[PDB]
Amino acid sequence: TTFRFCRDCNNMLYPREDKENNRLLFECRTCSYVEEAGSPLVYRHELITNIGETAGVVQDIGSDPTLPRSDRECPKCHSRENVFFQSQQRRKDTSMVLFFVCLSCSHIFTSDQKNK
Amino acid sequence: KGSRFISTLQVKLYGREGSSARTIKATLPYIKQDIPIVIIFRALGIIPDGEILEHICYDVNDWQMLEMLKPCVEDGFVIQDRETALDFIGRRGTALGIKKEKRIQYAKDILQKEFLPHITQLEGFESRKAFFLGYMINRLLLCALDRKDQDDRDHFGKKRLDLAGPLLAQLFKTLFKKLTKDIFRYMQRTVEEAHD
Amino acid sequence: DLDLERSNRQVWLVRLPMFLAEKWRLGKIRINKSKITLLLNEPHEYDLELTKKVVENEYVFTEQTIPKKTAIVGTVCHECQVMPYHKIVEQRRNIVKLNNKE
Amino acid sequence: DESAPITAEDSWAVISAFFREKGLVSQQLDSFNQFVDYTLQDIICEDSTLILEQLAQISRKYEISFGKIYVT
Amino acid sequence: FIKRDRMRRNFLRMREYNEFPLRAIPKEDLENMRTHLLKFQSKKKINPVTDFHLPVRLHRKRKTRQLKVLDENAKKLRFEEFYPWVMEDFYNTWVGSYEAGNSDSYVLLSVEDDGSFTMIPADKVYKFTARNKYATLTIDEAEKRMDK
Amino acid sequence: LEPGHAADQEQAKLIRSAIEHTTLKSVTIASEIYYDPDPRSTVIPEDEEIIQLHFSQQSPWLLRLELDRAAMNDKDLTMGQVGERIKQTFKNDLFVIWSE
Amino acid sequence: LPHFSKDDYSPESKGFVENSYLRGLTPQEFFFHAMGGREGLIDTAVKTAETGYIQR
Amino acid sequence: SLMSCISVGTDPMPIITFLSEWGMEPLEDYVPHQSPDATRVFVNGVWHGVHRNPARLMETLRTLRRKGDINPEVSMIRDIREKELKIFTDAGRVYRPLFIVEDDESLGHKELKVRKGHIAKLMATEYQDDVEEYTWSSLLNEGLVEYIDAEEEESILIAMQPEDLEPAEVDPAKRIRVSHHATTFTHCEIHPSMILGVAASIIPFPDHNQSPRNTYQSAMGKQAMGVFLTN
Amino acid sequence: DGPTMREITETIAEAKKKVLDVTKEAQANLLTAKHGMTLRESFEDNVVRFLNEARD
Ligand SMILES: [Zn+2]
Ligand SMILES: [Zn+2]
């Protein structure tokens, strides 16, 4: 995660192990620029995800006519005008929880009960 | 406007899910293989992958997508040069035009004329075609990441109906070439023999 | 043989509509503070747009393994877009969709 | 009043207008009409010319143009 | 419950600042001078060739009768220069590239010795890119390496 | 099921688990690779509390991965097997510790 | 159908014709019913071609 | 169907040229970092630029098409969530007309832009058979009825019939309908029965039939026997 | 007759309730996809079950 690019080379910095100072540096297999490892974690794989559950929530989601309105009150705004929609993770196993969006604070909440 | 061309780009993603070597290649016309994308960008002149990636992932936060792109970035690593890139492609299709200096050139011309013959066929637009080939790629990734559903082929929005206008056009157009060709031939052969 | 003459002029790029483009193939920069305006020679008082203030790595150059007579004139100081006054403009810009062939 | 919202019956006046104007075979006619007006001409003028040059000791060259088009 | 075609009865029986003049600039200059544009695409905050090197060099680097294709001049011209514009030392480097996206709607008002401007539309616009900053290549071996 | 063991859900559950194919990638959440150089001390806080916990040669790249409970507790499993499974998988070149 | 808002799983949204042939179908029901009815025609066409080949 | 028509296609150039001078920055100057929130803009599937305030852009083109300067064949779709704005002037698209609902009112709620006034102006013209010539076209140019293709249809919310659905808030023999719970209608259907083609427009009460039965008759009626032409 | 049509109307209306409930339970993520089908499928079968029991 969090790729790093070079400068004056701009390619992406692979990690090159420093054993002597004994830490991780990021090389640049084209121009020899280097720097540290801002964190020893290198790679993630992320089988079961929980992102895209709010894909493209723009400040205009309130301006889309086709989205179903709903009346519940935002925990923050305590306003009762909010559009909502299922989780945008277009995949089969996906749950059927609801993401609301208050038209006032643009705060996102959920209809959940298992985990908020 | 002219011949209603039928060039058909494709961006094939390789290796099933779960496999590695999930690399991405595209199939330009008249190129007997399919070229890794990071090349094609460089051929258009986007060298620093950090850019190439920015033609594809218009949201730098999204690191999933980048991860899917890295095995492509590393596949192009051997090449960092536009003309090599251009040269690389030129090697790979209808090698009759042996002129080496003109080899890369002809590759440089296949991009310009034969590659997305819509958005344009003039000279000097590869910045445009570059973004498009990015877009085409990005949409590919949304699907392999399940961020979008697969495409729907029966959606009537994507159909078209050729009525008598078009159908005559397609027909008449070819019948008009044939008329020229013959005129030209006669025009030639009469001049060939200076006939009246 | 190329010559970096001075390359320090604060050239200001302007994007304009076609009716403007045709008219350009005098001025009166009546800037005001940052609501920058300008008077055009007659025509209208079309203001400048701070379309892009900062413009780096962008320079003007002219010319006259073949070489040629290069001259680097000026640098982009800021990019502008035309502000069309709008009465006739929209009256014709909307009417830009009022032409065809026979 | 002439701004009361219309009622479901009123549609059929709108529909009459549509057909009183568009007929039922409009698309058959409209497309063909378009083809005859424009697409014909533009087919001609996309390749309006074809050339031929012969080289001498000065090179003779010939080329033939295609202009307006007329349909009786 | 019926269809009433007699409704045509009722409907029949119901109805400071710096102002600057700009003039017909000489053309013969323009008849030989062409004023293009240029952009460096290295992000290098300023990247003026003032600091590039010296000297700077901007330049580019039998049968019977037959019928040929037909094409307008400009494209015939534009095509017939496939030598790009370059800058070098004798070793930092840049390479040019036609842009063509916005070659038209750009007239220029360069701050001359005075604040005024002669009137100048841009001829063309070029995208200038660096090169050989790390100067590595296996132009021949690339195929060999990419096929191991 | 076995003739005596007809309608004993429990006994059935054991068989269902006995044959149902289970790969790792069905129980695990995500895999991370670090560069935590010391074999003994780990930059991650918890791994220390278990490094000694079983320390009481090896590469500096920690590969660590995380499983769901409810997944791992659906066709329920004990990491004691899971580990030794890995242990039995490659070799004992791949040192492995797992959480309790 | 473009007459519904998004993410609408109510019975009448996903195709539950509620009236009876006596009462008549509302325009959506009509269209959902016609969509189900077409699928019946295609099967019949298929089921007789594939039957015919089997039996021979 | 009866109402459906089919585009003949126009020239996209005016739109593009218009788009340029209304904020669409060309592609060559696009840098996704600085414009994280711009909207791509397509014209016949050609990416042409991005725009930073597309909401104002959309409603400009619409009225520009409801005025009648963008030829009403032209389809323009704003796909808010995908940050895209697509426009087709392509030929061959299939489209049908619809009433425009303007959620504007002194009545304080939404309602069709077409009122008894225009209806009268229409029936006046049919029974012409003194000229004010209210035709179909006038309904177009006055922004009362729009053509809608099948792609654009994705982004509207159609009402089924005006009355039963616009005003906010029973015979048991009457069929059972559902409500106007949707409060954001942007169009209304002219008549729901216009979804039928020619052959099926002759079945009486086709909504009391089993569906295949309507397919049969719609194919038999073509081999009925009548008068085929008066001559 | 009238009395009957009322009960049919009620009997239909209960189904909508039973469907509504399952919708809410599903949207509160309170459901239990019986092993061998994701939450989606479990949700569907239930619905179609009620909607078919209702007609019958
Ligand atoms: Zn570097
Ligand atoms: Zn809120």
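Header annotation of the entry names cryo-EM as the structure determination method and lists the resolution as 3.0 Å.

The title given to this entry in the Protein Data Bank is "RNA polymerase II pre-initiation complex (PIC1)".

Undergrad: I'm lost on the overall build of chain F in this one. Help?
TA: Regarding its fold elements, chain F presents four helices and two strands. The linear arrangement of helices and strands in chain F, starting from the amino end, is α-β-α-β-α-α. Here the C-alpha radius of gyration of chain F, 17 Å, is well above what a compact globule of 100 residues would show, namely 13 Å. Looking at chain F residue by residue over its 100 residues, the buried ones come to 21%. Only carbon and sulfur atoms are counted for the fraction: they give 57% of the accessible area of chain F, which is about 7,200 Å². For chain F, the distance from the average site of its 10 positive side-chain charges to the average site of its 18 negative ones is 5 Å.

Undergrad: Help me understand the overall build of chain D in this model?
TA: Assigned secondary structure in chain D consists of two helices and two strands. Tracing chain D from N to C terminus, the helices and strands come up as α-α-β-β. Compactness check: chain D gives a C-alpha radius of gyration of 26 Å against a globular reference of 11 Å for 72 residues, more than 25% above the reference. In terms of its C-alpha atoms, chain D occupies a principal-axis envelope of roughly 90 × 25 × 15 Å. Across the 72 residues of chain D, 28% fall into the buried class. Of the roughly 4,700 Å² of accessible surface on chain D, a fraction of 54% belongs to carbon and sulfur atoms. Positive and negative side-chain charges of chain D, numbering 5 and 12 respectively, have mean locations separated by a distance of 16 Å.

Undergrad: What should I look at first to understand the coordination of the zinc ion (ligand 1) in this one?
TA: Reference values for coordination geometry: four tetrahedral donors around a metal ideally subtend 109.5 degrees, six octahedral donors ideally subtend 90 or 180 degrees. All names here are of chain A. Taken together, the protein ligands of the zinc ion (ligand 1) are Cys6 (SG), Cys9 (SG), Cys28 (SG) and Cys31 (SG), with distances of 2.3 Å. Taken together, the four donor atoms coordinating the zinc ion (ligand 1) span angles of 90 to 124° at the metal, a pattern that classifies the geometry as tetrahedral. Written as a sequence motif, the donor residues of the zinc ion (ligand 1) are C-x2-C-x18-C-x2-C. Here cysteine 9 is found in the segment before strand 1 (15–18), whereas its partner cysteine 28 is found in the loop between strand 2 (23–26) and strand 3 (41–44), with 19 residues between them in sequence.

Undergrad: Any chance you could explain the sheet that holds strand 1 (residues 11–13) of chain B here in plain terms?
TA: Neighbouring strands of a sheet are bound in pairs by backbone hydrogen bonds; such pairs are parallel or else antiparallel. Residues and elements named next belong to chain B. A sheet is described by the order of its strands in space; here three strands give the open sequence 1-2-3, paired in antiparallel fashion. Both outer strands of the open sheet, strand 1 and strand 3 (35–36), are each paired with one neighbouring strand and no more. Here strand 2 (residues 24–26) pairs with strand 3 via two bridges, running antiparallel. Each bridged residue has a counterpart across the sheet, and for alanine 26 the counterpart in strand 3 is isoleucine 35.

Undergrad: Could you clarify how one ought to interpret the coordination of the zinc ion (ligand 2) in this entry?
TA: Residues and elements named next belong to chain A. Those donors, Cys74 (SG), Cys77 (SG), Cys102 (SG) and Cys105 (SG), are the protein atoms that reach the zinc ion (ligand 2), and they lie 2.3 Å from it. Around the zinc ion (ligand 2), the four donor atoms sit at angles spanning 88 to 126°, and that spread fits a shape best called tetrahedral. Mapping the donors of the zinc ion (ligand 2) onto the primary sequence gives the spacing C-x2-C-x24-C-x2-C. For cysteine 105, a relative accessible area of 35% gives the class partly exposed.

Undergrad: Teacher, can you tell me more about a positive patch on the surface here?
TA: A cluster of basic side chains, namely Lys177, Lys178, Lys181 and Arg185 of chain B, defines a positive patch on the protein surface. Look at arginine 185 of chain B and you get partly exposed, because its relative accessible area is 49%.

Undergrad: Please clarify how the nonpolar core should be interpreted in this entry.
TA: One recurring pattern in soluble globular proteins: nonpolar side chains tend to sit buried together. Judged by nonpolar contacts, the single largest core of 56 residues is most densely connected at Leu28, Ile89, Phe115, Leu133 and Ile137 of chain B together with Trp47 of chain H. Broken down by secondary-structure element, the contributors of at least two residues to this core are strand 2, helix 1 (37–44), helix 3 (63–73), helix 4 (82–90), helix 5 (100–114) and helix 6 (126–144) of chain B together with strand 3 (47–51) of chain H. Excluding anything up to four places from it in sequence, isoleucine 137 of chain B contacts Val11, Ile24, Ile37, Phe41 and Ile56 of chain B. One finds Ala17 of chain D together with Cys5, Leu165 and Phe185 of chain H within the second-largest nonpolar core, a separate group that totals 32 residues.

Undergrad: Please explain the interface of chain B and chain H as it appears in this structure.
TA: Many authors give the size of an interface as the accessible area that is lost as the parts come together. On the side of chain H, 24 residues touch chain B, which itself brings 18 residues to the contact. Between chain B and chain H we count four salt bridges in total. Between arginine 160 of chain B and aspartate 90 of chain H there is a salt bridge, with its nearest N and O atoms 3.0 Å apart. Looking at side-chain class alone, the side of chain B that touches chain H contains nine nonpolar, four polar and five charged residues.

Undergrad: Where do I start with the interface of chain C and chain E in this structure?
TA: Taken together, the 40 residues of chain C in the interface contact 45 residues of chain E. Mapped by element, the contributors of at least two residues to the side of chain C that touches chain E are strand 1 (9–15), strand 2 (27–28), strand 4 (58–63) and strand 5 (70–71) of chain C. The element that contributes the greatest number of residues to the side of chain C that touches chain E is strand 1 of chain C, accounting for seven residues. Per-class residue counts for the side of chain C that touches chain E are 19 nonpolar, eight polar and 13 charged. Here strand 4 of chain C pairs with strand 1 (residues 34–40) of chain E via six bridges, running antiparallel. Among the inter-strand pairings, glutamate 63 of chain C is bridged to a residue of strand 1 of chain E, identified as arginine 34 of chain E.

Undergrad: Even after reading the chapter, I still don't get the side chain of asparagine 29 of chain I, so can you show me in this structure?
TA: Turning to its location among the elements, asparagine 29 of chain I is positioned in the loop between helix 1 (2–27) and helix 2 (39–55). The class for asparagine 29 of chain I is buried, based on a relative accessible area of 15%. Apart from residues lying up to four places away in sequence, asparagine 29 of chain I is in contact with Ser95, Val97, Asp112 and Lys114 of chain A.

Undergrad: Explanation requested: a negative patch on the surface in the structure shown.
TA: Residues and elements named next belong to chain H. On the surface, a cluster of negative charge is made up of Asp129, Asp130, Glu132 and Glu133. Along the chain, the position of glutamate 133 falls in the loop between helix 3 (116–126) and helix 4 (136–141). For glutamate 133, a relative accessible area of 38% translates into the label partly exposed.

Undergrad: Mind showing me how you'd approach a nonpolar patch on the surface here?
TA: Together, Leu24, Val25 and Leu29 of chain D together with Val198 and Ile202 of chain H make up a nonpolar patch on the protein surface, roughly 490 Å² of accessible area in all. Considering the arrangement of structural elements, one finds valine 198 of chain H in the loop between strand 10 (187–188) and helix 6 (211–220). Judged by relative accessible area, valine 198 of chain H falls into the exposed class, the value being 54%.

Undergrad: Would you mind going over the packing of aromatic side chains with me for this structure?
TA: A full pass over the atoms with the stated rule returns 30 aromatic pairs over all chains. Ring plane angle 40° and centroid distance 6.1 Å describe the contact between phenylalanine 132 of chain B and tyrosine 135 of chain B, whose orientation is recorded as tilted. Note that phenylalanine 132 of chain B and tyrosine 135 of chain B are positioned in helix 6 at a spacing of three residues, about one turn of the helix. With a relative accessible area of 9%, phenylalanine 132 of chain B lands in the buried category. Following the ring pairs from residue to residue traces out a cluster consisting of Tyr58, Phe131, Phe132 and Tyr135 of chain B together with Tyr30, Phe42 and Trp47 of chain H. Looking at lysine 25 of chain B, its charged tip hangs above the ring of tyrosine 14 of chain B, at a distance of 5.2 Å from the centre. Lying across the ring of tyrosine 134 of chain H, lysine 121 of chain H places its NZ or CZ 5.6 Å from the centre.

Undergrad: When you look at the pairing of strand 1 of chain E in this model, what are you seeing that I'm missing?
TA: Within a regular strand, side chains alternate between the sheet's two faces. Residue and element names in this part refer to chain E. Counted residue by residue, strand 1 has five buried out of seven residues, so it is predominantly covered. Where strand 1 lies against strand 7 (residues 127–130), two bridges are found, and the strand directions are parallel. Residue pairing in the sheet places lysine 39 in a bridge with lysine 127 of strand 7.

Undergrad: How should I be thinking about the sheet that holds strand 3 of chain A in this particular structure?
TA: Pairing in this open sheet of three strands is antiparallel, and the strands run 3(A)-1(F)-2(F) from one edge to the other. What marks the edges here is a single partner per strand, and that holds for strand 3 of chain A together with strand 2 (63–67) of chain F. Each strand of the sheet is rotated relative to its neighbour by a mean of 25°, with strand direction disregarded. Bridge analysis of strand 3 of chain A against strand 1 (residues 28–34) of chain F gives three bridges, and the strand direction is antiparallel.

The rules behind these values
Each chain carries its own residue count, running from 1 in the order of its written sequence; this scheme can depart from the entry numbering, and residues that have no coordinates do not appear. By the order in which they are written, chains take letters starting at A while ligands take numbers starting at 1. Each value listed here was derived from the chains shown, which are themselves a piece of a larger assembly. Computation of side-chain values covers all heavy atoms of the structure but excludes hydrogens and water. Residues with missing side-chain atoms are left out of burial classes, side-chain pairs and their counts. Put simply, DSSP H or I for four residues or longer makes a helix, DSSP E for two residues or longer makes a strand, and each gets a number counted from the N terminus. The quantity called the radius of gyration is restricted to C-alpha atoms. Its globule counterpart is 2.2 Å times the number of residues to the power 0.38. Remark: exposure states derive from per-residue accessible area (1.4 Å probe, protein chains only) relative to the maximum for the residue type, with buried under 20%, exposed over 50%, and partly exposed in between. Note on areas: these come from Shrake-Rupley sampling with a 1.4 Å probe, and a residue is covered only by the protein chains present in the view. Residues scored as positive are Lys and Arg, those scored as negative are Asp and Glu, and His as well as the terminal groups of each chain are ignored. A charged residue contributes its charge at one atom only: NZ of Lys, CZ of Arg, CG of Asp or CD of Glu. Counted as coordinating are nitrogen, oxygen and sulfur atoms within 2.8 Å of the metal, or 3.2 Å for Na, K and Ca, while water is not included, which may make sites look incomplete. Any site counts as irregular unless it has four donors with all angles between 85 and 135 degrees, making it tetrahedral, or four or six donors with opposite ones more than 155 degrees apart and the rest between 65 and 115, making it square planar or octahedral. Any two strands with at least two DSSP bridges between them are considered paired. Patches here: salt-bridge-free residues with over 30% relative accessible area, like charges joined within 9 Å, nonpolar side chains (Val, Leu, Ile, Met, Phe, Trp, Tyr) joined within 5 Å. What makes a salt bridge here is a side-chain nitrogen of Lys or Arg within 4 Å of a carboxyl oxygen of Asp or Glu, nothing more. Side-chain atoms within 4.5 Å are what join buried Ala, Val, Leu, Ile, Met, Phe, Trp, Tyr and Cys residues into a set we call a nonpolar core. By definition, residues are in contact when any of their heavy atoms lie within 4.5 Å. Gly counts as polar in this scheme, as do all residues outside two lists: the nonpolar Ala, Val, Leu, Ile, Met, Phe, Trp, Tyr, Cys and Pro, and the charged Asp, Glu, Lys and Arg. Each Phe, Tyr or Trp ring (for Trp, its six-membered ring) is paired with any other whose centre lies within 6.5 Å, and the angle between the two planes then decides the class: stacked below 30 degrees, edge-to-face above 60, tilted in between. Two thresholds decide whether a charge sits over a ring: the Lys NZ or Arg CZ must be within 6 Å of the ring centre and within 35 degrees of the ring normal. A fitted line through C-alpha atoms serves as each axis, taken over the contacting stretch for helices, and the angle formed by two N-to-C directions is quoted from 0 to 180°.

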